[PDB]
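Next comes final.tsv, with TSV, C-alpha atoms.
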```tsv
chain	number	residue	atom	x	y	z
A	371	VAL	CA	84.82	59.51	89.87
A	372	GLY	CA	86.46	61.23	86.90
A	373	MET	CA	88.44	63.67	89.03
A	374	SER	CA	89.51	60.91	91.43
A	375	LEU	CA	90.64	58.66	88.59
A	376	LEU	CA	92.69	61.44	87.00
A	377	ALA	CA	94.29	62.17	90.38
A	378	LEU	CA	95.27	58.51	90.76
A	379	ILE	CA	96.72	58.46	87.24
A	380	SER	CA	98.77	61.56	88.02
A	381	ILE	CA	100.15	60.22	91.29
A	382	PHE	CA	100.97	56.75	89.92
A	383	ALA	CA	102.65	58.13	86.79
A	384	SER	CA	104.74	60.59	88.79
A	385	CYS	CA	105.86	58.02	91.37
A	386	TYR	CA	106.70	55.48	88.66
A	387	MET	CA	108.71	58.06	86.73
A	388	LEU	CA	110.70	58.94	89.86
A	389	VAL	CA	111.48	55.24	90.24
A	390	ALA	CA	112.65	55.11	86.62
A	391	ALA	CA	114.84	58.17	87.22
A	392	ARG	CA	116.32	56.47	90.29
A	393	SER	CA	117.18	53.29	88.41
A	394	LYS	CA	118.65	55.19	85.46
A	395	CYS	CA	120.83	57.36	87.70
A	396	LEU	CA	122.00	54.40	89.80
A	397	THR	CA	122.38	51.81	87.00
A	398	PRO	CA	126.10	52.26	86.10
A	399	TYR	CA	127.22	51.66	89.69
A	400	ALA	CA	125.77	48.13	89.72
A	401	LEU	CA	128.03	47.09	86.82
A	402	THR	CA	131.36	47.80	88.53
A	403	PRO	CA	132.89	46.50	91.78
A	404	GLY	CA	132.84	50.05	93.14
A	405	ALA	CA	131.48	52.12	96.00
A	406	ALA	CA	128.02	53.65	96.24
A	407	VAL	CA	129.21	57.19	97.12
A	408	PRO	CA	127.17	57.77	100.33
A	409	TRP	CA	126.56	61.34	99.15
A	410	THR	CA	124.44	59.79	96.39
A	411	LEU	CA	123.04	57.05	98.65
A	412	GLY	CA	121.72	59.40	101.34
A	413	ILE	CA	119.82	61.62	98.91
A	414	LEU	CA	118.88	58.68	96.68
A	415	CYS	CA	117.96	55.54	98.60
A	416	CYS	CA	118.54	52.10	97.09
A	417	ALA	CA	117.85	48.42	97.72
A	418	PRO	CA	121.36	47.78	99.17
A	419	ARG	CA	121.01	49.50	102.55
A	420	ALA	CA	124.52	48.70	103.81
A	421	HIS	CA	126.16	46.09	101.56
A	422	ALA	CA	128.02	47.44	98.52
B	107	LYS	CA	153.23	31.20	79.92
B	108	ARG	CA	150.95	34.18	79.30
B	109	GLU	CA	148.88	32.07	76.91
B	110	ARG	CA	148.65	29.30	79.51
B	111	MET	CA	147.56	31.72	82.23
B	112	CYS	CA	144.99	33.22	79.87
B	113	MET	CA	143.73	29.73	79.04
B	114	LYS	CA	143.18	28.55	82.62
B	115	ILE	CA	141.75	31.92	83.66
B	116	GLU	CA	139.31	31.77	80.75
B	117	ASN	CA	138.33	28.17	81.52
B	118	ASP	CA	137.66	28.98	85.16
B	119	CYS	CA	135.91	32.25	84.25
B	120	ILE	CA	133.92	31.60	81.03
B	121	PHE	CA	130.69	29.68	80.43
B	122	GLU	CA	128.81	29.34	77.16
B	123	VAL	CA	125.25	30.53	76.55
B	124	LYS	CA	122.75	28.08	75.04
B	125	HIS	CA	119.81	29.16	72.88
B	126	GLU	CA	117.88	26.88	70.51
B	127	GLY	CA	120.69	24.33	70.74
B	128	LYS	CA	123.30	26.79	69.46
B	129	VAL	CA	125.88	28.91	71.27
B	130	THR	CA	125.09	32.63	71.29
B	131	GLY	CA	127.88	34.01	73.48
B	132	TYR	CA	130.02	33.69	76.57
B	133	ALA	CA	129.56	34.84	80.17
B	134	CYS	CA	132.61	35.79	82.22
B	135	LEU	CA	133.28	36.16	85.96
B	136	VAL	CA	135.32	39.28	86.76
B	137	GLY	CA	135.75	40.60	90.29
B	138	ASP	CA	132.27	40.32	91.80
B	139	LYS	CA	129.98	40.67	88.76
B	140	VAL	CA	128.81	38.24	86.09
B	141	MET	CA	128.51	39.98	82.72
B	142	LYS	CA	126.55	39.06	79.61
B	143	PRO	CA	126.01	41.00	76.36
B	144	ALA	CA	122.43	42.25	76.43
B	145	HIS	CA	122.00	41.90	72.67
B	146	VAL	CA	122.96	38.23	73.02
B	147	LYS	CA	119.80	36.21	73.67
B	148	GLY	CA	119.88	32.89	75.49
B	149	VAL	CA	120.46	31.32	78.89
B	150	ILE	CA	123.76	30.77	80.69
B	151	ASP	CA	124.81	27.11	80.70
B	152	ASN	CA	124.85	26.80	84.48
B	153	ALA	CA	122.06	26.04	86.94
B	154	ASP	CA	123.39	28.41	89.60
B	155	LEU	CA	123.90	31.19	87.06
B	156	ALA	CA	120.49	30.45	85.52
B	157	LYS	CA	118.38	31.55	88.51
B	158	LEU	CA	120.30	34.72	89.41
B	159	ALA	CA	118.63	38.11	89.12
B	160	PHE	CA	120.09	40.03	86.18
B	161	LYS	CA	120.10	43.83	85.99
B	162	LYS	CA	120.08	45.10	82.40
B	163	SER	CA	121.32	48.41	80.99
B	164	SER	CA	120.51	48.71	77.28
B	165	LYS	CA	122.34	52.03	76.88
B	166	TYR	CA	125.42	50.05	77.97
B	167	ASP	CA	124.41	46.81	76.18
B	168	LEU	CA	125.17	44.70	79.23
B	169	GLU	CA	123.42	42.53	81.82
B	170	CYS	CA	125.14	42.15	85.19
B	171	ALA	CA	124.48	39.86	88.14
B	172	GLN	CA	125.94	38.98	91.52
B	173	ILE	CA	127.76	35.64	91.81
B	174	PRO	CA	126.83	32.98	94.37
B	175	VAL	CA	129.44	32.83	97.11
B	176	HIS	CA	130.76	29.34	96.29
B	177	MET	CA	132.06	30.68	92.95
B	178	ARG	CA	133.50	34.09	93.89
B	179	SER	CA	136.94	32.46	94.10
B	180	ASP	CA	136.71	31.45	90.42
B	181	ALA	CA	136.71	35.05	89.17
B	182	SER	CA	139.46	37.02	87.50
B	183	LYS	CA	140.75	40.29	88.95
B	184	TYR	CA	140.28	43.54	87.09
B	185	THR	CA	142.03	46.84	86.43
B	186	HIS	CA	141.14	50.33	85.25
B	187	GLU	CA	144.41	51.37	83.58
B	188	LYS	CA	144.81	51.25	79.79
B	189	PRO	CA	148.38	52.08	78.79
B	190	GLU	CA	149.01	52.22	75.06
B	191	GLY	CA	150.28	49.11	73.34
B	192	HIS	CA	148.95	45.58	72.87
B	193	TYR	CA	146.99	43.08	74.94
B	194	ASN	CA	146.02	39.42	74.91
B	195	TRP	CA	142.81	37.76	73.74
B	196	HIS	CA	141.44	34.29	73.03
B	197	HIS	CA	142.27	34.73	69.33
B	198	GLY	CA	145.79	36.15	69.78
B	199	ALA	CA	146.66	39.81	70.24
B	200	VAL	CA	144.73	43.09	70.18
B	201	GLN	CA	146.14	46.58	69.56
B	202	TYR	CA	145.13	49.42	71.90
B	203	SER	CA	146.11	52.69	70.22
B	204	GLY	CA	144.46	56.09	70.35
B	205	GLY	CA	141.53	54.84	72.39
B	206	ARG	CA	140.87	52.16	69.78
B	207	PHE	CA	141.03	48.38	70.20
B	208	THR	CA	141.90	46.80	66.86
B	209	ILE	CA	141.99	43.20	65.68
B	210	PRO	CA	144.95	42.96	63.26
B	211	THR	CA	143.47	39.88	61.58
B	212	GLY	CA	139.71	40.45	61.41
B	213	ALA	CA	139.16	36.89	62.65
B	214	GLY	CA	136.14	37.62	64.85
B	215	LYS	CA	132.91	35.79	64.10
B	216	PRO	CA	129.32	36.42	65.27
B	217	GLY	CA	128.58	34.66	68.53
B	218	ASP	CA	131.94	35.52	70.13
B	219	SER	CA	130.51	38.43	72.12
B	220	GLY	CA	131.40	38.23	75.80
B	221	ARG	CA	135.01	37.04	75.55
B	222	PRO	CA	137.29	39.00	77.91
B	223	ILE	CA	140.28	41.03	76.80
B	224	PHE	CA	143.27	40.39	79.04
B	225	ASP	CA	146.03	42.59	80.37
B	226	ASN	CA	149.70	41.64	80.12
B	227	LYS	CA	149.29	40.59	83.78
B	228	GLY	CA	146.31	38.35	83.01
B	229	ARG	CA	143.88	40.90	84.45
B	230	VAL	CA	140.65	41.63	82.62
B	231	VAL	CA	140.37	45.02	80.92
B	232	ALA	CA	137.34	44.87	78.62
B	233	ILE	CA	134.58	42.62	77.30
B	234	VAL	CA	134.09	42.63	73.54
B	235	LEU	CA	130.71	43.28	71.94
B	236	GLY	CA	131.42	43.45	68.22
B	237	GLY	CA	133.75	44.44	65.43
B	238	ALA	CA	133.72	47.07	62.71
B	239	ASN	CA	135.52	46.19	59.47
B	240	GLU	CA	137.55	49.23	58.37
B	241	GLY	CA	139.75	48.23	55.46
B	242	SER	CA	141.78	45.20	56.48
B	243	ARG	CA	141.43	45.96	60.20
B	244	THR	CA	138.62	45.42	62.69
B	245	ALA	CA	138.03	48.09	65.31
B	246	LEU	CA	136.42	46.75	68.47
B	247	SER	CA	133.07	47.94	69.80
B	248	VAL	CA	133.81	47.02	73.40
B	249	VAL	CA	132.79	47.80	76.98
B	250	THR	CA	135.55	49.16	79.24
B	251	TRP	CA	135.95	50.78	82.65
B	252	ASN	CA	136.86	54.18	84.03
B	253	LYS	CA	137.84	54.61	87.68
B	254	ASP	CA	134.22	53.71	88.47
B	255	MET	CA	132.28	54.31	85.23
B	256	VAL	CA	131.40	51.76	82.56
B	257	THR	CA	131.84	53.10	79.04
B	258	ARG	CA	130.75	51.37	75.83
B	259	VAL	CA	133.04	52.53	73.01
B	260	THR	CA	131.72	51.80	69.52
B	261	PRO	CA	133.21	52.71	66.13
B	262	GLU	CA	131.09	53.62	63.14
B	263	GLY	CA	129.91	50.59	61.21
B	264	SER	CA	130.21	48.19	64.14
B	265	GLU	CA	128.09	45.04	63.94
B	266	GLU	CA	126.71	43.33	67.04
B	267	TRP	CA	128.21	39.84	66.97
C	107	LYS	CA	163.15	33.68	110.12
C	108	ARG	CA	159.97	35.62	109.39
C	109	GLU	CA	157.88	32.66	110.55
C	110	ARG	CA	159.99	32.33	113.70
C	111	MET	CA	159.64	35.99	114.70
C	112	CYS	CA	155.93	35.80	113.91
C	113	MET	CA	155.63	32.78	116.20
C	114	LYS	CA	157.58	34.27	119.09
C	115	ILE	CA	155.71	37.58	118.94
C	116	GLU	CA	152.55	35.46	119.02
C	117	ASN	CA	153.98	33.71	122.10
C	118	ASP	CA	154.49	37.11	123.73
C	119	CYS	CA	151.15	38.60	122.61
C	120	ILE	CA	148.59	35.76	122.68
C	121	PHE	CA	146.67	34.47	125.69
C	122	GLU	CA	144.23	31.57	125.75
C	123	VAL	CA	140.55	32.09	126.54
C	124	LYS	CA	138.78	29.25	128.38
C	125	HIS	CA	135.07	28.52	128.80
C	126	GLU	CA	133.31	25.34	130.01
C	127	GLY	CA	136.72	23.66	129.85
C	128	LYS	CA	137.25	24.28	126.12
C	129	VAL	CA	139.20	26.95	124.26
C	130	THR	CA	137.10	29.72	122.73
C	131	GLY	CA	139.39	32.52	121.47
C	132	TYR	CA	142.48	34.61	122.10
C	133	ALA	CA	143.16	38.16	123.25
C	134	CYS	CA	146.12	39.96	121.72
C	135	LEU	CA	148.03	42.94	123.11
C	136	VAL	CA	148.93	45.60	120.54
C	137	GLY	CA	150.46	49.02	121.13
C	138	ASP	CA	149.26	49.89	124.62
C	139	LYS	CA	145.95	48.03	124.71
C	140	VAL	CA	144.57	44.49	124.81
C	141	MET	CA	141.95	43.58	122.22
C	142	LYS	CA	139.55	40.62	122.16
C	143	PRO	CA	136.77	39.41	119.87
C	144	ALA	CA	133.51	40.72	121.29
C	145	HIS	CA	131.36	37.93	119.85
C	146	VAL	CA	133.24	35.17	121.67
C	147	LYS	CA	132.69	34.65	125.40
C	148	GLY	CA	135.15	33.45	128.00
C	149	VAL	CA	137.78	34.61	130.47
C	150	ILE	CA	141.38	35.69	129.88
C	151	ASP	CA	144.08	33.49	131.42
C	152	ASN	CA	145.56	36.30	133.51
C	153	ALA	CA	144.53	37.81	136.85
C	154	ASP	CA	145.68	41.32	135.90
C	155	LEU	CA	143.89	41.28	132.54
C	156	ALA	CA	140.69	39.64	133.77
C	157	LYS	CA	140.12	42.51	136.21
C	158	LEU	CA	140.35	45.23	133.55
C	159	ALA	CA	137.21	47.06	132.42
C	160	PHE	CA	136.56	46.04	128.81
C	161	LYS	CA	135.13	48.77	126.63
C	162	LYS	CA	132.59	46.97	124.45
C	163	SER	CA	131.67	47.60	120.83
C	164	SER	CA	129.20	45.29	119.09
C	165	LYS	CA	129.08	47.17	115.78
C	166	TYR	CA	132.84	46.63	115.48
C	167	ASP	CA	132.60	43.22	117.21
C	168	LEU	CA	135.56	44.11	119.43
C	169	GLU	CA	136.43	44.46	123.12
C	170	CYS	CA	139.29	46.64	124.34
C	171	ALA	CA	141.16	47.22	127.58
C	172	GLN	CA	143.94	49.55	128.68
C	173	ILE	CA	146.96	47.50	129.73
C	174	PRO	CA	148.90	47.74	132.99
C	175	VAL	CA	152.21	49.50	132.53
C	176	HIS	CA	154.28	46.44	133.45
C	177	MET	CA	153.28	44.60	130.25
C	178	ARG	CA	153.88	47.72	128.13
C	179	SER	CA	157.33	46.31	127.39
C	180	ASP	CA	155.73	43.20	125.83
C	181	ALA	CA	153.81	45.10	123.14
C	182	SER	CA	153.61	44.31	119.45
C	183	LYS	CA	153.92	47.07	116.85
C	184	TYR	CA	150.97	48.39	114.86
C	185	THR	CA	150.59	49.95	111.42
C	186	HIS	CA	147.86	51.36	109.20
C	187	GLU	CA	149.34	50.61	105.77
C	188	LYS	CA	148.09	47.55	103.87
C	189	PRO	CA	150.18	47.17	100.71
C	190	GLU	CA	148.91	44.69	98.16
C	191	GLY	CA	150.31	41.19	98.46
C	192	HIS	CA	151.06	38.58	101.13
C	193	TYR	CA	151.18	38.59	104.93
C	194	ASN	CA	152.07	36.15	107.70
C	195	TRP	CA	149.68	34.12	109.82
C	196	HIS	CA	149.92	31.48	112.54
C	197	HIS	CA	148.79	28.86	109.99
C	198	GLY	CA	150.79	30.06	106.98
C	199	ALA	CA	150.34	32.94	104.54
C	200	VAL	CA	147.34	35.18	103.87
C	201	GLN	CA	146.69	37.00	100.61
C	202	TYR	CA	145.50	40.63	100.48
C	203	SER	CA	144.12	41.44	97.02
C	204	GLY	CA	141.29	43.74	96.01
C	205	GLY	CA	140.42	44.88	99.52
C	206	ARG	CA	139.85	41.37	100.89
C	207	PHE	CA	141.85	38.89	102.97
C	208	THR	CA	141.83	35.30	101.74
C	209	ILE	CA	143.32	32.07	103.06
C	210	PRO	CA	144.81	30.02	100.19
C	211	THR	CA	144.55	26.82	102.21
C	212	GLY	CA	140.89	27.03	103.23
C	213	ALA	CA	141.40	25.23	106.56
C	214	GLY	CA	139.62	27.76	108.80
C	215	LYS	CA	137.98	26.51	112.00
C	216	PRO	CA	135.95	28.03	114.84
C	217	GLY	CA	137.86	29.01	117.96
C	218	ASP	CA	140.84	30.75	116.33
C	219	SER	CA	139.30	34.24	116.33
C	220	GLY	CA	141.69	36.80	117.77
C	221	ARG	CA	144.90	35.47	116.20
C	222	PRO	CA	146.90	38.46	114.92
C	223	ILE	CA	147.98	38.75	111.30
C	224	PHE	CA	151.48	40.17	110.84
C	225	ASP	CA	153.32	42.37	108.37
C	226	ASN	CA	156.65	41.52	106.74
C	227	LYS	CA	158.63	43.39	109.42
C	228	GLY	CA	156.67	41.79	112.27
C	229	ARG	CA	154.17	44.63	112.63
C	230	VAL	CA	150.54	43.63	113.10
C	231	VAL	CA	148.04	44.58	110.41
C	232	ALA	CA	144.70	43.02	111.40
C	233	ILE	CA	142.96	40.42	113.57
C	234	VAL	CA	141.04	37.38	112.36
C	235	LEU	CA	137.38	37.26	113.38
C	236	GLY	CA	135.54	34.90	111.05
C	237	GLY	CA	135.66	33.04	107.78
C	238	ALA	CA	133.42	32.32	104.81
C	239	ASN	CA	133.80	29.07	102.88
C	240	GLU	CA	134.78	30.51	99.51
C	241	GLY	CA	134.91	27.14	97.80
C	242	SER	CA	138.49	25.88	97.97
C	243	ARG	CA	139.40	29.08	99.85
C	244	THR	CA	138.13	30.97	102.87
C	245	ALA	CA	137.47	34.71	102.80
C	246	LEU	CA	138.13	36.53	106.06
C	247	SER	CA	135.86	38.84	108.04
C	248	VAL	CA	138.52	40.87	109.83
C	249	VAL	CA	138.89	44.03	111.89
C	250	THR	CA	141.53	46.37	110.45
C	251	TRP	CA	142.71	49.93	110.99
C	252	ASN	CA	142.55	53.21	109.11
C	253	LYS	CA	144.85	56.14	109.89
C	254	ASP	CA	142.92	56.94	113.07
C	255	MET	CA	139.75	54.80	112.80
C	256	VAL	CA	138.74	51.15	113.12
C	257	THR	CA	136.98	49.29	110.32
C	258	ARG	CA	135.48	45.82	109.96
C	259	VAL	CA	135.18	43.89	106.70
C	260	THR	CA	132.64	41.07	106.54
C	261	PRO	CA	132.18	39.10	103.30
C	262	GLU	CA	128.72	37.80	102.54
C	263	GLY	CA	128.15	34.36	104.02
C	264	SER	CA	130.92	34.71	106.59
C	265	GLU	CA	130.27	33.03	109.93
C	266	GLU	CA	131.97	33.97	113.19
C	267	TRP	CA	134.62	31.55	114.46
```

Output the file's structure as structure tokens, nothing else.
Amino acid sequence: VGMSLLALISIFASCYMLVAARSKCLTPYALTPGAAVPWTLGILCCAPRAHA
Amino acid sequence: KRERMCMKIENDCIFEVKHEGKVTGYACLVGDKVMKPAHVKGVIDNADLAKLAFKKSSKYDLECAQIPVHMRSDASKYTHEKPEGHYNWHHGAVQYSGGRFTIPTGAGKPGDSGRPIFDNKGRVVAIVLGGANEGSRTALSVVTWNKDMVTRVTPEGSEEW
Amino acid sequence: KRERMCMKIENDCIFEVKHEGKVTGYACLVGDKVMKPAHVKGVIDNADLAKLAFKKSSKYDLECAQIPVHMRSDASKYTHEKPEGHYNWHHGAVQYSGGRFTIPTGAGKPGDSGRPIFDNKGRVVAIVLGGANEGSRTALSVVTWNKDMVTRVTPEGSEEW
């Protein structure tokens, strides 16, 4: 149980911190009426799949 | 003429923010984004703008949202060019020199955050956050735009209005 | 003058599309090819054109056909440049600002899809497909042209006419 719980903590923390990195990298583009730079979009997926 | 255009554009593109029965700031409609100073606490005085999802960026001190369609026509048009000189504002004129926006008069008061700065064409250039009192002048801690990057310029001693 | 040449070029490059006894759209001949809205259904009011094989594209919402040579002399002139400002239309003037086409009047109706939009010199710039009720205005979902590619712009909330 201890090893399993530590493994779950590791995986959740890592995935959450990737999500935070995603939002921080993509945050300035949601404050301008600009393009998403498909080079960034393809590597880094976002909620807007096609719009904006 | 320019003052009249600024006045109607502001009236069609500015809404006050209500908190505890007192105004805390203004929310403006530029292009396709509603902006609000993050440090300003309150709720926008509009039912449609009340329920929108707001995306916050504290390192930029700004909260941005997407306008409902029936209001996208009531938004000012923007620009990314900042030639040296002077520009319009709700309290008169502002001086853009050396990458610094200066209030000649120091007439800003707390709670005026969120009022747009206008171009000589009536286009929006920047949204004020606060002022720093240097001598008799007031440098502007303000949020402006690059080609596609938002930049929050802030002088030393600035106070969040 | 400009309106008159716009109207007569429309007379020479617009054909009615009938279905169940009512009008549905229009097919316009540009360059060396006829182009029709793909979303609308009907038949072209011409025996020569109705027999042509229409290359279909649903992602562009367009249908194309290669014209017979004997209407090549009745061909409008195309362009890829879209300078900021105003353009002609069968119901008045259209405004191109910030990458979007808008109708100042806001009188858009279904069944007018396929009406060309003209340039100042009578060249065609784009083709109306649908409209979104942008309050007192209507924003256009329109198929336009790059240097060698086709593009479609569809504002949120736009519905096909």

Close residues, residue 234 in chain B itself excluded, 7 Å, all atoms listed in the file, min 6 positions apart in chain, as a ChimeraX atom specification
/B:219-222,246-249

*Specify as a PyMOL selection string all residues of chain A found within 10 Å of chain B, counting only C-alpha atoms.*
chain A and resi 393-394+397-406

Residues just named, written with C-alpha atoms as a PDB file, in the frame of the given file:
```pdb
ATOM      1  CA  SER A 393     117.180  53.290  88.410  1.00  0.00           C
ATOM      2  CA  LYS A 394     118.650  55.190  85.460  1.00  0.00           C
ATOM      3  CA  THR A 397     122.380  51.810  87.000  1.00  0.00           C
ATOM      4  CA  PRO A 398     126.100  52.260  86.100  1.00  0.00           C
ATOM      5  CA  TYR A 399     127.220  51.660  89.690  1.00  0.00           C
ATOM      6  CA  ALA A 400     125.770  48.130  89.720  1.00  0.00           C
ATOM      7  CA  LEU A 401     128.030  47.090  86.820  1.00  0.00           C
ATOM      8  CA  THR A 402     131.360  47.800  88.530  1.00  0.00           C
ATOM      9  CA  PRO A 403     132.890  46.500  91.780  1.00  0.00           C
ATOM     10  CA  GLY A 404     132.840  50.050  93.140  1.00  0.00           C
ATOM     11  CA  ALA A 405     131.480  52.120  96.000  1.00  0.00           C
ATOM     12  CA  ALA A 406     128.020  53.650  96.240  1.00  0.00           C
TER      13      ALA A 406
END
```

Show me, as an mmCIF file with C-alpha atoms, in the coordinates of the input, the residues of chain C whose atoms get within 10 Å of chain B, using all atoms listed in the file for the distance check.
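The file below, iface-v4.cif, is the result:
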```
data_model
loop_
_atom_site.group_PDB
_atom_site.id
_atom_site.type_symbol
_atom_site.label_atom_id
_atom_site.label_comp_id
_atom_site.auth_asym_id
_atom_site.auth_seq_id
_atom_site.Cartn_x
_atom_site.Cartn_y
_atom_site.Cartn_z
ATOM 1 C CA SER C 203 144.120 41.440 97.020
ATOM 2 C CA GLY C 204 141.290 43.740 96.010
ATOM 3 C CA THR C 208 141.830 35.300 101.740
ATOM 4 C CA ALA C 238 133.420 32.320 104.810
ATOM 5 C CA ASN C 239 133.800 29.070 102.880
ATOM 6 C CA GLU C 240 134.780 30.510 99.510
ATOM 7 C CA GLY C 241 134.910 27.140 97.800
ATOM 8 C CA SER C 242 138.490 25.880 97.970
ATOM 9 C CA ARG C 243 139.400 29.080 99.850
ATOM 10 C CA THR C 244 138.130 30.970 102.870
ATOM 11 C CA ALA C 245 137.470 34.710 102.800
ATOM 12 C CA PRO C 261 132.180 39.100 103.300
ATOM 13 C CA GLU C 262 128.720 37.800 102.540
ATOM 14 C CA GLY C 263 128.150 34.360 104.020
ATOM 15 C CA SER C 264 130.920 34.710 106.590
#
```

Handout entry: Contact residues around residue 410 in chain A with all atoms listed in the file at 12 Å, ignoring same-chain residues under 3 positions, as a list in words
Key =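 Final neighbour list, sorted by chain and number: residues 392, 395, 396, 399, 405, 406, 407, 413, 414, 415 and 416 of chain A.
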
Review point. Of the candidates B:158, B:213, B:123, B:230, which shows the shortest atom-to-atom distance to residue 135 in chain B, using only C-alpha atoms?
Key: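 Of B:158, B:213, B:123, B:230, the one nearest residue 135 in chain B is B:230, counting only C-alpha atoms.
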
CA of residue 109 in chain B and CA of residue 202 in chain B, how far apart in Å?
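These two atoms are separated by 18.4 Å.
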
A straight line from CA of residue 233 in chain C to CA of residue 134 in chain C spans 8.8 Å

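CA of residue 258 in chain B is found 18.3 Å from CA of residue 190 in chain B.
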
Residue 216 in chain C proximity check over C:237, C:228, C:127, C:198, using all atoms listed in the file: winner is C:237

- Task: Extract, using all atoms listed in the file, all DNA, RNA and protein residues at most 12 Å from residue 113 in chain B, discarding same-chain residues fewer than 4 positions from it, and format them as a PyMOL selection string.
- Result: chain B and resi 107-109+117-120+182+194-198+221-222+224+228

How would range 170-186 of chain B read, as a JSON list (two decimals), keeping the file's coordinate frame, once N, CA and C atoms are built in?
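Result file is part35.json:
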```
[["chain", "number", "residue", "atom", "x", "y", "z"],
["B", 170, "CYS", "N", 124.22, 42.47, 84.11],
["B", 170, "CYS", "CA", 125.14, 42.15, 85.19],
["B", 170, "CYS", "C", 124.39, 41.49, 86.34],
["B", 171, "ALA", "N", 125.07, 40.58, 87.02],
["B", 171, "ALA", "CA", 124.48, 39.86, 88.14],
["B", 171, "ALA", "C", 125.52, 39.64, 89.21],
["B", 172, "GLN", "N", 125.05, 39.26, 90.40],
["B", 172, "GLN", "CA", 125.94, 38.98, 91.52],
["B", 172, "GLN", "C", 126.13, 37.48, 91.69],
["B", 173, "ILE", "N", 127.39, 37.06, 91.79],
["B", 173, "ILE", "CA", 127.76, 35.64, 91.81],
["B", 173, "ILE", "C", 127.35, 34.99, 93.12],
["B", 174, "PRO", "N", 126.93, 33.73, 93.12],
["B", 174, "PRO", "CA", 126.83, 32.98, 94.37],
["B", 174, "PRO", "C", 128.20, 32.86, 95.03],
["B", 175, "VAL", "N", 128.19, 32.74, 96.36],
["B", 175, "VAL", "CA", 129.44, 32.83, 97.11],
["B", 175, "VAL", "C", 130.40, 31.72, 96.71],
["B", 176, "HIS", "N", 129.90, 30.49, 96.54],
["B", 176, "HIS", "CA", 130.76, 29.34, 96.29],
["B", 176, "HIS", "C", 131.53, 29.43, 94.98],
["B", 177, "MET", "N", 131.34, 30.50, 94.20],
["B", 177, "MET", "CA", 132.06, 30.68, 92.95],
["B", 177, "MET", "C", 132.86, 31.98, 92.90],
["B", 178, "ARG", "N", 132.79, 32.82, 93.95],
["B", 178, "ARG", "CA", 133.50, 34.09, 93.89],
["B", 178, "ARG", "C", 135.01, 33.90, 93.79],
["B", 179, "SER", "N", 135.52, 32.75, 94.22],
["B", 179, "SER", "CA", 136.94, 32.46, 94.10],
["B", 179, "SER", "C", 137.36, 32.14, 92.67],
["B", 180, "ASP", "N", 136.41, 31.82, 91.79],
["B", 180, "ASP", "CA", 136.71, 31.45, 90.42],
["B", 180, "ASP", "C", 136.56, 32.64, 89.47],
["B", 181, "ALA", "N", 136.87, 33.84, 89.95],
["B", 181, "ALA", "CA", 136.71, 35.05, 89.17],
["B", 181, "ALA", "C", 138.04, 35.74, 88.98],
["B", 182, "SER", "N", 138.24, 36.30, 87.79],
["B", 182, "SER", "CA", 139.46, 37.02, 87.50],
["B", 182, "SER", "C", 139.45, 38.37, 88.22],
["B", 183, "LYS", "N", 140.63, 38.98, 88.32],
["B", 183, "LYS", "CA", 140.75, 40.29, 88.95],
["B", 183, "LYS", "C", 140.99, 41.34, 87.88],
["B", 184, "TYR", "N", 140.45, 42.53, 88.11],
["B", 184, "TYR", "CA", 140.28, 43.54, 87.09],
["B", 184, "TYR", "C", 141.27, 44.68, 87.29],
["B", 185, "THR", "N", 141.22, 45.63, 86.36],
["B", 185, "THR", "CA", 142.03, 46.84, 86.43],
["B", 185, "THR", "C", 141.33, 47.93, 85.64],
["B", 186, "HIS", "N", 141.75, 49.17, 85.89],
["B", 186, "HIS", "CA", 141.14, 50.33, 85.25],
["B", 186, "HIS", "C", 142.14, 51.13, 84.43]]
```
